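Q: Dropping a structure here in structure tokens format, bear with me for questions.
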Ligand SMILES: COC(=O)c1ccc(NCCc2c[nH]c3ccccc23)c(C(=O)O)c1
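In the numbering used here, the protein residues as written are -18 to 247.
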């Protein structure tokens, strides 16, 4: 049914024998996933079909992702108005999915798809359970919290925001404890003062080193106080204190938001 075009489980660019070009995911429940076909938002990649016969998911196709765009933009950096537009749009997408009680759980630049018209869209949701990259994982997940909240996605998006600004990954760890300790060295080792209940987390150890907290002026330097304030709220340790997607959309950082068009080399 599909003429495979290129390898993008495994994901292929494919052509429907409708002429439509799509992203085809072969996975190698069915009722629950099918509900997502009719929940649509401009900032979420559209799920066109679900087929189980091996599980195939057919998605709308977009040509580039934010990881490729950040690498292409690394000599100059993404312009601040575009960073701001992308952050605003991703928060609109998260506000929508969270309002329908759907979490992403695995946001990273390579799952954020962009087009020539200035849009960015959430893709590659980690909905199966409902080298692994840990750089965007919320600290409650790393500490073994059994129940994720919407706050895990805000953490990941804050890490992505910092990376778009500074052109380097915020917390590039290579094991769960290295990831945790990279977070602790920058934001301070969490305690009951800033995160009530942290010492009760399944994987918390009293023997964790106690690092002091750095300053956000050192963390995302070029960024102004509106952006640093929003980032600090997206990176609160306590998931209950971390800002929601809806509240973040009202932050003063977005008062001058626009929708620029990026320069894409396809
Ligand atoms: C084993 O894999 C899976 O079960 C699975 C299920 C759904 C997926 N995406 C759904 C995108 C979506 C479309 N409309 C939405 C409204 C709200 C929230 C999300 C959406 C993906 C993926 O993106 O890969 C995988």
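Think of the CB as a built atom: it goes at the ideal place given N, C-alpha and C, for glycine as much as any other residue.
Which residue or residues does DSSP assign as beta-bridge partners of residue 40?
A: 4 and 28
Q: Taking just the CA atoms, how far does residue 218 sit from residue 59?
A: 28 Å
Q: Does the separation of the CB atoms of residue 83 and residue 69 fall below 9 Å?
A: Residue 83 places its beta carbon 9 Å or farther from that of residue 69.
Q: From the DSSP output, which residues share a beta bridge with residue -6?
A: Answer by DSSP bridge pairing, in chain order: -13 and 4.
Q: Please identify the residue among 39, 21, 20 and 14 whose C-alpha is closest to the C-alpha of residue -3.
A: 39
Q: Sort 144, 65, 57 and 22 by Cα distance to residue 81 and report the nearest one.
A: 22
Q: Please check the pair residue 192 and residue 208, which I expect to be a contact at CB under 8 Å, by giving their CB distance rounded to whole angstroms.
A: Going by Cβ atoms, the distance from residue 192 to residue 208 rounds to 24 Å, so no, they are not a contact pair.
Q: Could you say which of -17, 171 and 195 lies nearest to residue 187 if we only look at CA atoms?
A: 171
Q: CB residue 103 to CB residue 92, shorter than 9 Å?
A: yes
Q: Using a Cβ-based criterion (distance less than 8 Å to any ligand heavy atom), does residue 105 qualify as near ligand 1?
A: yes
Q: Looking at the structure shown, is residue 214 part of a helix, part of a strand, or coil, going by DSSP?
A: helix
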